[PDB]
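Okay, so here's the structure we're looking at.
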Amino acid sequence: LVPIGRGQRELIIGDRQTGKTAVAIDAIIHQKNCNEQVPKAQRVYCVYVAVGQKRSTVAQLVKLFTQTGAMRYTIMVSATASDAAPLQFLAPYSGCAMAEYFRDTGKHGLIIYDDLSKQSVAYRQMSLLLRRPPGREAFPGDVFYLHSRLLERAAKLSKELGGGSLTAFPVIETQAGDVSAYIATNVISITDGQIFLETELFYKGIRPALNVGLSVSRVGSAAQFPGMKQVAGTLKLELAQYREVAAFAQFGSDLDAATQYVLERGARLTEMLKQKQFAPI
Amino acid sequence: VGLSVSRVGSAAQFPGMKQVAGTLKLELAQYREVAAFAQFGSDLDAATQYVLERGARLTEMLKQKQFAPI
Amino acid sequence: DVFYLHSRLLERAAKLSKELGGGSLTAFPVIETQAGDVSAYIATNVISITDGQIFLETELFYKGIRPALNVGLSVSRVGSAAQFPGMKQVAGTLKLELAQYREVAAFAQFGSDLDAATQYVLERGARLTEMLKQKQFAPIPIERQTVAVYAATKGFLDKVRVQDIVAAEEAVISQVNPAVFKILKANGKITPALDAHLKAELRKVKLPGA
Amino acid sequence: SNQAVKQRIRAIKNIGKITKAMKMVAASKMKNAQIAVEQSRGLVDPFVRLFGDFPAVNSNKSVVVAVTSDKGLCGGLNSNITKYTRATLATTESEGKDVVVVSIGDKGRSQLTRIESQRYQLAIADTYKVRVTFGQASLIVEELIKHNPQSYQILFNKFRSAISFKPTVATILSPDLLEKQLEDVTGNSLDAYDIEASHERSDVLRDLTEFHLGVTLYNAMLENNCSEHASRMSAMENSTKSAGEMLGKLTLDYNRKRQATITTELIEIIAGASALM
Amino acid sequence: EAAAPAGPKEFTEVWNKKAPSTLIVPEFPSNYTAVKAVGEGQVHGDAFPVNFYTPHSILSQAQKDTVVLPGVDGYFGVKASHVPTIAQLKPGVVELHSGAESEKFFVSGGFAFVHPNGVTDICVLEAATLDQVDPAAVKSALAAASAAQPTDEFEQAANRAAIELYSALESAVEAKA
Amino acid sequence: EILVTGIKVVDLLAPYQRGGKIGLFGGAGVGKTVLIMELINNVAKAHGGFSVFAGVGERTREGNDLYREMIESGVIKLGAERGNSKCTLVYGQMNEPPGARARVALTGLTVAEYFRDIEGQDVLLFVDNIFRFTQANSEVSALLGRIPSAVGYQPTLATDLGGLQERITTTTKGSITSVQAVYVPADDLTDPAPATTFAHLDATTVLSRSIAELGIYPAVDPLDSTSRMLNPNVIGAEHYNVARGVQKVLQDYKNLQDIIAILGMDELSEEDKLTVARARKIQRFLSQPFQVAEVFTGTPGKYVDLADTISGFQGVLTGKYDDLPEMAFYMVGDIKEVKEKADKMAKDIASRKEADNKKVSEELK
Amino acid sequence: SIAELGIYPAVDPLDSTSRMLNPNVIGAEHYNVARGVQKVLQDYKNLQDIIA
Amino acid sequence: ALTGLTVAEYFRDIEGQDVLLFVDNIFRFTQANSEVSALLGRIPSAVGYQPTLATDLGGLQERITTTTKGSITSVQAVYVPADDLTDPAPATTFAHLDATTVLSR
Ligand SMILES: Nc1ncnc2c1ncn2[C@@H]1O[C@H](COP(=O)(O)OP(=O)(O)OP(=O)(O)O)[C@@H](O)[C@H]1O
Ligand SMILES: Nc1ncnc2c1ncn2[C@@H]1O[C@H](COP(=O)(O)OP(=O)(O)O)[C@@H](O)[C@H]1O
Ligand SMILES: [Mg+2]
Ligand SMILES: [Mg+2]
């Protein structure tokens, strides 16, 4: 539904404990499964930047990337919560520089900035203690330039420069599904796509809790699988029809034997897009 | 019409227009109270349907056409 | 530091140990709330300082239920099992019956479907919430409250309908022989001899609802 | 998140005017369909003072009808009839008697199948779309006569007033299949009357019970329609109450969010200005 | 032979055993009628209660002194303490009299009962006053009704009812008083 | 590895880790001190290590209550038996100045970190209101000449809180199971101090006031309480499937509640009526009497084993207990007691009289 | 809202204005069809809260 | 409003009368004192008001009382800002009010 090309930056935005990291860990583990099958030139080397997290949270990911085997291709840049505020502000740039090595020398990179919303809090702390005057919520004026300097480094290079690529997955945590925040509306404006994960879809069983009505991909049908370009065009065409009819039929007024078809078919597709935790298909 | 007022009011109205606007605004107040129920046409009420029909008449009266003042 | 303002104030309300004299200090902070918003800043500050709350509602106060005590929200956990023993023997049934009255008023805010056992808990709850409401500037001693809620959480008032309960409890306080108030004050609780004399004395009471 | 609350106030306020419209619609339909209900109430009386009222009779075959509403905002009317369906359908059960259950109205088609699915045979629906006429009740009586039981049961709501609709079971027995067999005491009570038919008494009762079924079915589905409209008028009365108390809670919480928005934007502006001066 | 003596009272007693007890007894059509057949009285001399009914109307319920009913043997009349009767009516004129004044309803047929207590319940489907029929369309329709004569005894029985109702309407409209 | 707490909603929906940071999130009067006391009573006796209770910014009356009840149950021993004590108390209660309440959590951490690093064994650290640490540094930070951050807080909220929280871990040489009560300032879970401390915990049990106002205690929001242990490779697929099915039923009822409040339950589907009935039963079944609440509720408390929790909630999910009413599930231990209370409520539907004569309270008894 | 329906270009017909929408600029046959299309799309939105 | 108060306090304290004071729009008194508090560079309190809102209102309203000489009875028109009674200017005014007379259309 929201396919991702190489060189595209895609925001994984969601509320507090949705499946945001689990979407990004599955993108990294899956590159291990593809790197064994592709030739050496089109292998994707992943970098996971862990900003402001626990140190034992990232120790659970090194243990997961080891026992899957993705740590052969993975760099982890870990600026935990006990690190200084300039080490968490600068760790997305350090991870982007470690991943720009593969972009600049003709290979392919995958950078994941887990909680850019925790990098901007580390940036706000230095800016308020360097006595730079605060703006919205307290943030510095240049906090759009903070993230657009960083996400614009994810590019698909020309073939003169090697044809290399760097694909970004910034993660932004919202508060109550409020994407109208300051840092949220900045990164929505920077990145191409958006994977919006909803906490109410999470508990209905739909995991990955992807809001299919709000999740975009600006590259779109340009860089998806051609075998699923001709199948998932019909899939989003039906799930768009599922959404408005279920708003009416939960009142329980009346049903129409083809309105009955679209909320019975869209339930086949909603259960189809569910998935387990660490098994990329 | 519900939110537009004049604290001077009808003391500075054209007399003759004051003869007819005083019942025009009452008819439009009754129409605004029974408004948004005009989608119930098959579900007719025969006392509020008259003020609903006349309110739909009178809102079509006060429309104008852009730099043709009357 | 507006939490610290009230916390360092109310923490001085203590009960001292016997090595410090055994003195006490009971605090009643009062917080005005805007439109019932208990989730305000200063309100939730003082709620997390004090040992309980007494919630007084505008919807009970406008109806004349005065004091307008929100029984589902009011709480006092440190004073519980430290109250009057006769009142503790009587009032658990009162808290439970007002709880079930709140349940069946939470189910039926409009009256058309009557189970006739739900009508019983409705009539008992309406009797008890007429019992607990009182007038201003006249506090009652605890034995005259114990006997008054003893006469209500039991029978003895179902003859009286819903209006004359304010006169019924005054008739009960007046016509009960005032020795049983002295025994209830002195003993601390209703002894079974006193329960016998109290069941006896609540039968020769001339209720105004007749 | 401050615009989610404003659009939720928008939703609750439009719901609260929709339900206030439907309350007045149901009240309008209740008065101009009560002028047809107590007109048809008279003709049920000669058949009950001629044939009597025999609900608990040991029928071999029985067709029970629960006539319910078509539209669904009636508010627990059809469910009350669905429960009195089994409450009066278990009081027939004395010897293992056959029962056919039949529902008039779309909201009885969905509700009897949860409780009695093997004994369901027919769904009459779209009956109150234009109006209720006696030829219509005659055709429904015809299709209830295609299979020919010994008794008929009609369950509906008797429109007493706009407040009470205490439900009714009306019973119609096949002509001498059980009806005159329920009449013979030291002789009979039907033998007082001089049958002035063309053919025998066994055919005048055959015509007379089909006419009684048509009259009872017509009055049942007319009284049920008027009690449906009054039940909807009382159901959308509580809906505007709920959509007003929810609106008032949402308006109070919006006022809190408005005040907090002005305070937080002001504290941001003051902190920006104080870091320069 | 009548070993199941039912009623509202027996159904009340048995229904308190198999239904849940909180459910009030379902009402019965007996509970809205104060008038029965075996309940003696309601006579008072010369005028008797005539319950002229209709599915879509109640045309009369006050007491009248003589009713001319168009039974299938022929027109008969009902005075006050008449014999009990269950009379099927052919399409004819039900005459209600209160004295010199007569209101003439031409009905479509349908039964008319006289009970032991002197109450009479005329029960017909379409019961028009004879004022509101035109004398033109009846022979205009009977000319076609005397033409389509098929072997289909459903349609032929409908034609028989058609020519008989139309003939009775004609013979009642030429014979006005 | 799981930490069994004997609490139905905690063990079912957000199970605790034996070396994990656990947070209890609440809004002034929803029950996180009562939950932290019940967790003390259930966990800190089977767990054979040492305990540290760091009281930060709470009532002095509650510190005296916990101290006296620990002397009673022998967890704390006085005099020459002092070496057989199991708990050590560090107190910075709400009468202290802001500098004292800003450092007392570090004192309790130091006492816990000695037992973790030097004695090399498992510690239980209970911190009542780690929010008061952040609030105390926010009182202090105004007078230090700092530009304030969001809502009113210090610019260093995340880093002060993270520097305190990253010390509270289990290392390779010892364990600290941490339970922190977290206060939410105006029932505002988006306030920067709760929103910052959400990312430091392995299991976040969020207590709601709307759950508490329905009488359901512990007032745990089941659709807001999470764990890293709710993972089928960690707890087993039986537990995980029961927990996710319970959450699916509760979320479906939450989506229906806006319709039910307006149009009533008469407008629902029969499928919707089934899920509303089942969800009301599993809402009441998540409530539980506490042993520490019985001194003011009067109902004795129940420790519900985890196997009983899984089996009972699976039975209420599949529809094995649709025969029982809603209030049979309210404030009972396990599914044996639902059927016991459902027999008893039904039994008391008749027995309401015959206290007429034959008394022991006539004049000469 | 227009984009989630799949109507592309997702131009809000009511909210999009121009100064070229006078009848003395673009003629009356253009002006009255544009205003009629807007009126039909507006009272559809007033009905849409009751269709749902 | 203080000038009107002084004229009323002369009739109370020297003439010994039951004076009537009419503060026309007490909310505009609040709004004016909020403006002079904003212009003197003070940090505004809640929603936007002066930090001294309760005392700048109570300094006016506490001079309206009954003395032993006479009294001042004040009839103050009250405007409620966003039809919001929990706004701090009417919530501070309503603490001082002893009666409301709502005039209805
Ligand atoms: N596709 C999935 N299927 C089942 N469970 C899932 C899935 N994705 C995530 N989960 C569960 O949801 C919980 C939260 O996942 P995750 O760690 O991704 O949250 P998050 O969005 O990263 O929030 P935070 O950054 O606060 O941890 C995890 O414990 C995981 O077990
Ligand atoms: N499990 C429970 N059973 C009964 N009452 C409870 C329970 N939990 C909380 N309460 C009630 O909630 C009140 C506040 O709980 P407490 O933990 O003291 O508040 P806080 O969450 O502010 O620390 C208690 O006084 C108690 O009455
Ligand atoms: Mg994460
Ligand atoms: Mg506490």
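Residues in the structure tokens are named by chain (A, B, ... in the order shown) and by number from 1 within that chain; ligands are numbered from 1 in the order shown.
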task: Kindly work out which residues sit at most 8 Å from ligand 2, using only C-alpha atoms and all ligand atoms, and give the list as an MDAnalysis selection string.
output: (chainID C and resid 47:48 51:52 75:77) or (chainID F and resid 26:36 183 212 217:219 288:290 292:294 296:297)
Contacts of chain C with chain H up to 10 Å, shortest pair per row, only C-alpha atoms, as a Markdown table:
```
| residue | atom | partner | partner_atom | distance |
| --- | --- | --- | --- | --- |
| C:33 | CA | H:86 | CA | 9.4 |
| C:34 | CA | H:86 | CA | 5.8 |
| C:35 | CA | H:86 | CA | 6.9 |
| C:37 | CA | H:86 | CA | 9.9 |
```
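CA of residue 189 (chain F) is positioned 20.4 Å from CA of residue 1 (chain C).
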Mind listing the helix (DSSP H, G or I) residues of region 100-202 of chain C, per DSSP on the backbone, as an mmCIF file with N, CA and C atoms, in the first residue's frame?
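Contents of the output file out.cif:
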```
data_model
loop_
_atom_site.group_PDB
_atom_site.id
_atom_site.type_symbol
_atom_site.label_atom_id
_atom_site.label_comp_id
_atom_site.auth_asym_id
_atom_site.auth_seq_id
_atom_site.Cartn_x
_atom_site.Cartn_y
_atom_site.Cartn_z
ATOM 1 N N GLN C 100 -25.824 0.672 45.599
ATOM 2 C CA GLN C 100 -26.790 0.043 44.705
ATOM 3 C C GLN C 100 -27.819 1.044 44.190
ATOM 4 N N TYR C 101 -28.110 2.087 44.967
ATOM 5 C CA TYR C 101 -28.956 3.171 44.488
ATOM 6 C C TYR C 101 -28.288 3.913 43.346
ATOM 7 N N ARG C 102 -26.976 4.129 43.453
ATOM 8 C CA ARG C 102 -26.225 4.735 42.365
ATOM 9 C C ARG C 102 -26.160 3.821 41.154
ATOM 10 N N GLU C 103 -26.091 2.504 41.370
ATOM 11 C CA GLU C 103 -26.086 1.554 40.259
ATOM 12 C C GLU C 103 -27.397 1.595 39.480
ATOM 13 N N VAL C 104 -28.525 1.522 40.187
ATOM 14 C CA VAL C 104 -29.817 1.499 39.507
ATOM 15 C C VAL C 104 -30.285 2.874 39.063
ATOM 16 N N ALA C 105 -29.646 3.947 39.527
ATOM 17 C CA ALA C 105 -29.851 5.232 38.883
ATOM 18 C C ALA C 105 -28.892 5.433 37.723
ATOM 19 N N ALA C 106 -27.791 4.686 37.688
ATOM 20 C CA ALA C 106 -26.919 4.673 36.522
ATOM 21 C C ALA C 106 -27.496 3.830 35.400
ATOM 22 N N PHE C 107 -28.362 2.877 35.729
ATOM 23 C CA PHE C 107 -29.054 2.091 34.719
ATOM 24 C C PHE C 107 -30.293 2.814 34.192
ATOM 25 N N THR C 118 -35.764 -3.560 41.832
ATOM 26 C CA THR C 118 -35.156 -2.277 41.534
ATOM 27 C C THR C 118 -35.988 -1.123 42.072
ATOM 28 N N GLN C 119 -37.307 -1.282 42.144
ATOM 29 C CA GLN C 119 -38.126 -0.280 42.815
ATOM 30 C C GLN C 119 -37.876 -0.279 44.315
ATOM 31 N N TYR C 120 -37.511 -1.430 44.879
ATOM 32 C CA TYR C 120 -37.189 -1.477 46.300
ATOM 33 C C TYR C 120 -35.897 -0.738 46.601
ATOM 34 N N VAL C 121 -34.853 -0.969 45.805
ATOM 35 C CA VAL C 121 -33.591 -0.291 46.066
ATOM 36 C C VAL C 121 -33.693 1.190 45.698
ATOM 37 N N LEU C 122 -34.567 1.550 44.755
ATOM 38 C CA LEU C 122 -34.859 2.958 44.517
ATOM 39 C C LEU C 122 -35.552 3.612 45.702
ATOM 40 N N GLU C 123 -36.540 2.948 46.301
ATOM 41 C CA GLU C 123 -37.232 3.528 47.446
ATOM 42 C C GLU C 123 -36.351 3.601 48.682
ATOM 43 N N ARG C 124 -35.504 2.597 48.886
ATOM 44 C CA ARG C 124 -34.592 2.627 50.018
ATOM 45 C C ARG C 124 -33.513 3.690 49.830
ATOM 46 N N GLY C 125 -32.995 3.839 48.609
ATOM 47 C CA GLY C 125 -32.021 4.881 48.355
ATOM 48 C C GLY C 125 -32.600 6.274 48.490
ATOM 49 N N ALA C 126 -33.828 6.481 48.010
ATOM 50 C CA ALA C 126 -34.482 7.768 48.194
ATOM 51 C C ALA C 126 -34.809 8.044 49.652
ATOM 52 N N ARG C 127 -35.049 7.008 50.450
ATOM 53 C CA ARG C 127 -35.240 7.210 51.878
ATOM 54 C C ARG C 127 -33.932 7.616 52.545
ATOM 55 N N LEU C 128 -32.833 6.964 52.163
ATOM 56 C CA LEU C 128 -31.550 7.217 52.812
ATOM 57 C C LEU C 128 -30.962 8.565 52.415
ATOM 58 N N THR C 129 -31.134 8.975 51.159
ATOM 59 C CA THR C 129 -30.595 10.268 50.760
ATOM 60 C C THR C 129 -31.455 11.414 51.270
ATOM 61 N N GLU C 130 -32.690 11.131 51.676
ATOM 62 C CA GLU C 130 -33.451 12.088 52.470
ATOM 63 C C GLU C 130 -33.029 12.052 53.923
ATOM 64 N N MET C 131 -32.505 10.921 54.379
ATOM 65 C CA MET C 131 -32.041 10.834 55.757
ATOM 66 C C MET C 131 -30.767 11.637 55.961
ATOM 67 N N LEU C 132 -29.826 11.533 55.027
ATOM 68 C CA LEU C 132 -28.515 12.129 55.241
ATOM 69 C C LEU C 132 -28.506 13.634 55.035
ATOM 70 N N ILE C 142 -23.019 12.267 67.618
ATOM 71 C CA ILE C 142 -22.811 11.060 66.828
ATOM 72 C C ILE C 142 -23.753 9.936 67.242
ATOM 73 N N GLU C 143 -24.257 9.944 68.470
ATOM 74 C CA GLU C 143 -25.207 8.909 68.843
ATOM 75 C C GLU C 143 -26.588 9.183 68.259
ATOM 76 N N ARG C 144 -26.967 10.452 68.121
ATOM 77 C CA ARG C 144 -28.204 10.811 67.452
ATOM 78 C C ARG C 144 -28.104 10.693 65.945
ATOM 79 N N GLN C 145 -26.907 10.558 65.390
ATOM 80 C CA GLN C 145 -26.772 10.170 63.999
ATOM 81 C C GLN C 145 -26.746 8.675 63.817
ATOM 82 N N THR C 146 -26.140 7.958 64.764
ATOM 83 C CA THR C 146 -26.126 6.501 64.747
ATOM 84 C C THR C 146 -27.529 5.935 64.841
ATOM 85 N N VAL C 147 -28.340 6.460 65.758
ATOM 86 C CA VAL C 147 -29.714 5.988 65.892
ATOM 87 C C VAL C 147 -30.542 6.395 64.681
ATOM 88 N N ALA C 148 -30.286 7.579 64.130
ATOM 89 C CA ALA C 148 -31.055 8.045 62.981
ATOM 90 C C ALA C 148 -30.758 7.249 61.720
ATOM 91 N N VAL C 149 -29.525 6.786 61.537
ATOM 92 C CA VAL C 149 -29.236 5.955 60.374
ATOM 93 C C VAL C 149 -29.474 4.476 60.682
ATOM 94 N N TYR C 150 -29.526 4.098 61.960
ATOM 95 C CA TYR C 150 -29.998 2.773 62.341
ATOM 96 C C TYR C 150 -31.471 2.606 62.010
ATOM 97 N N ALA C 151 -32.269 3.632 62.273
ATOM 98 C CA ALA C 151 -33.687 3.597 61.963
ATOM 99 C C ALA C 151 -33.979 3.685 60.475
ATOM 100 N N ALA C 152 -32.985 3.917 59.636
ATOM 101 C CA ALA C 152 -33.195 4.053 58.205
ATOM 102 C C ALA C 152 -32.577 2.927 57.403
ATOM 103 N N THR C 153 -31.415 2.419 57.812
ATOM 104 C CA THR C 153 -30.798 1.332 57.064
ATOM 105 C C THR C 153 -31.512 0.015 57.333
ATOM 106 N N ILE C 165 -39.671 12.390 55.582
ATOM 107 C CA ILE C 165 -38.545 11.756 56.260
ATOM 108 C C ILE C 165 -37.790 12.764 57.109
ATOM 109 N N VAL C 166 -37.778 14.028 56.691
ATOM 110 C CA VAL C 166 -37.106 15.071 57.455
ATOM 111 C C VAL C 166 -37.830 15.309 58.773
ATOM 112 N N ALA C 167 -39.156 15.174 58.770
ATOM 113 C CA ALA C 167 -39.907 15.185 60.017
ATOM 114 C C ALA C 167 -39.894 13.829 60.701
ATOM 115 N N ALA C 168 -39.721 12.742 59.941
ATOM 116 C CA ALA C 168 -39.686 11.413 60.550
ATOM 117 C C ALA C 168 -38.455 11.223 61.418
ATOM 118 N N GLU C 169 -37.291 11.679 60.955
ATOM 119 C CA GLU C 169 -36.083 11.502 61.749
ATOM 120 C C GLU C 169 -36.090 12.426 62.957
ATOM 121 N N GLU C 170 -36.755 13.578 62.848
ATOM 122 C CA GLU C 170 -36.899 14.465 63.996
ATOM 123 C C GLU C 170 -37.862 13.869 65.014
ATOM 124 N N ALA C 171 -38.910 13.194 64.534
ATOM 125 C CA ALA C 171 -39.806 12.456 65.417
ATOM 126 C C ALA C 171 -39.108 11.264 66.061
ATOM 127 N N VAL C 172 -38.189 10.626 65.336
ATOM 128 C CA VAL C 172 -37.429 9.513 65.893
ATOM 129 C C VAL C 172 -36.476 9.997 66.973
ATOM 130 N N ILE C 173 -35.753 11.089 66.718
ATOM 131 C CA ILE C 173 -34.848 11.648 67.720
ATOM 132 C C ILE C 173 -35.628 12.147 68.931
ATOM 133 N N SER C 174 -36.828 12.683 68.704
ATOM 134 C CA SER C 174 -37.617 13.236 69.796
ATOM 135 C C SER C 174 -38.263 12.151 70.651
ATOM 136 N N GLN C 175 -38.840 11.124 70.029
ATOM 137 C CA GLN C 175 -39.669 10.164 70.746
ATOM 138 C C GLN C 175 -38.901 8.967 71.279
ATOM 139 N N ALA C 179 -32.179 7.741 77.230
ATOM 140 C CA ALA C 179 -31.154 6.946 77.889
ATOM 141 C C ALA C 179 -30.291 6.191 76.896
ATOM 142 N N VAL C 180 -30.876 5.741 75.784
ATOM 143 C CA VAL C 180 -30.151 4.930 74.814
ATOM 144 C C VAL C 180 -29.083 5.757 74.105
ATOM 145 N N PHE C 181 -29.258 7.079 74.043
ATOM 146 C CA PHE C 181 -28.191 7.947 73.570
ATOM 147 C C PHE C 181 -27.021 7.968 74.539
ATOM 148 N N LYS C 182 -27.293 7.956 75.845
ATOM 149 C CA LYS C 182 -26.212 7.899 76.821
ATOM 150 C C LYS C 182 -25.494 6.560 76.794
ATOM 151 N N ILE C 183 -26.225 5.461 76.593
ATOM 152 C CA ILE C 183 -25.567 4.159 76.525
ATOM 153 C C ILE C 183 -24.760 4.035 75.242
ATOM 154 N N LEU C 184 -25.263 4.597 74.144
ATOM 155 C CA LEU C 184 -24.534 4.514 72.888
ATOM 156 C C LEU C 184 -23.303 5.401 72.901
ATOM 157 N N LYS C 185 -23.375 6.555 73.559
ATOM 158 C CA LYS C 185 -22.199 7.398 73.687
ATOM 159 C C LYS C 185 -21.164 6.772 74.606
ATOM 160 N N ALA C 186 -21.602 6.223 75.738
ATOM 161 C CA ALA C 186 -20.667 5.710 76.726
ATOM 162 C C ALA C 186 -20.044 4.390 76.298
ATOM 163 N N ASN C 187 -20.825 3.502 75.690
ATOM 164 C CA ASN C 187 -20.288 2.200 75.325
ATOM 165 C C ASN C 187 -19.446 2.269 74.064
ATOM 166 N N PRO C 192 -25.779 -5.831 72.146
ATOM 167 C CA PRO C 192 -27.022 -6.554 71.819
ATOM 168 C C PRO C 192 -28.182 -6.262 72.755
ATOM 169 N N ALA C 193 -27.913 -5.941 74.023
ATOM 170 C CA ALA C 193 -28.957 -5.404 74.888
ATOM 171 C C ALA C 193 -29.455 -4.067 74.376
ATOM 172 N N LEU C 194 -28.539 -3.218 73.928
ATOM 173 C CA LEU C 194 -28.914 -1.933 73.369
ATOM 174 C C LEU C 194 -29.555 -2.071 72.005
ATOM 175 N N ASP C 195 -29.125 -3.052 71.213
ATOM 176 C CA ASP C 195 -29.817 -3.367 69.972
ATOM 177 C C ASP C 195 -31.236 -3.849 70.232
ATOM 178 N N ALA C 196 -31.452 -4.597 71.318
ATOM 179 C CA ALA C 196 -32.790 -5.051 71.679
ATOM 180 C C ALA C 196 -33.671 -3.886 72.096
ATOM 181 N N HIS C 197 -33.156 -3.031 72.983
ATOM 182 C CA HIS C 197 -33.898 -1.848 73.410
ATOM 183 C C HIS C 197 -34.083 -0.848 72.281
ATOM 184 N N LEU C 198 -33.207 -0.873 71.286
ATOM 185 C CA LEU C 198 -33.302 0.061 70.180
ATOM 186 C C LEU C 198 -34.299 -0.414 69.142
ATOM 187 N N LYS C 199 -34.349 -1.726 68.897
ATOM 188 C CA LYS C 199 -35.414 -2.273 68.069
ATOM 189 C C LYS C 199 -36.760 -2.116 68.750
ATOM 190 N N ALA C 200 -36.785 -2.188 70.082
ATOM 191 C CA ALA C 200 -38.029 -1.974 70.810
ATOM 192 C C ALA C 200 -38.460 -0.516 70.759
ATOM 193 N N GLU C 201 -37.521 0.407 70.944
ATOM 194 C CA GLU C 201 -37.862 1.819 71.035
ATOM 195 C C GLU C 201 -38.210 2.437 69.693
#
```
message: Residues of chain G within 9 Å of chain B, counting only C-alpha atoms, what are they? List them as number ranges by chain.
response: G: 22, 46-47, 50
N, CA, C and O atoms of the current selection, written as an mmCIF file, in the first residue's frame:
```
data_model
loop_
_atom_site.group_PDB
_atom_site.id
_atom_site.type_symbol
_atom_site.label_atom_id
_atom_site.label_comp_id
_atom_site.auth_asym_id
_atom_site.auth_seq_id
_atom_site.Cartn_x
_atom_site.Cartn_y
_atom_site.Cartn_z
ATOM 1 N N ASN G 22 -16.722 36.525 -11.870
ATOM 2 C CA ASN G 22 -17.835 37.431 -12.053
ATOM 3 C C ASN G 22 -18.508 37.180 -13.393
ATOM 4 O O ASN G 22 -17.844 36.812 -14.361
ATOM 5 N N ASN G 46 -24.666 19.495 3.112
ATOM 6 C CA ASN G 46 -25.664 19.635 4.170
ATOM 7 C C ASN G 46 -26.512 18.377 4.343
ATOM 8 O O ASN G 46 -26.996 18.120 5.448
ATOM 9 N N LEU G 47 -26.696 17.589 3.284
ATOM 10 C CA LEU G 47 -27.368 16.297 3.382
ATOM 11 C C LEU G 47 -26.458 15.196 3.914
ATOM 12 O O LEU G 47 -26.943 14.244 4.537
ATOM 13 N N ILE G 50 -26.672 13.533 7.228
ATOM 14 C CA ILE G 50 -27.818 12.664 7.470
ATOM 15 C C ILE G 50 -27.787 11.409 6.603
ATOM 16 O O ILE G 50 -28.426 10.412 6.967
#
```
task: Identify, on the basis of only C-alpha atoms, every residue whose closest approach to residue 50 (chain B) does not exceed 12 Å; exclude the query and any residue fewer than 6 positions from it along the same chain; express the result as a VMD selection string.
output: chain B and resid 27 30 to 31 34 to 35 38 41 44 56 to 57
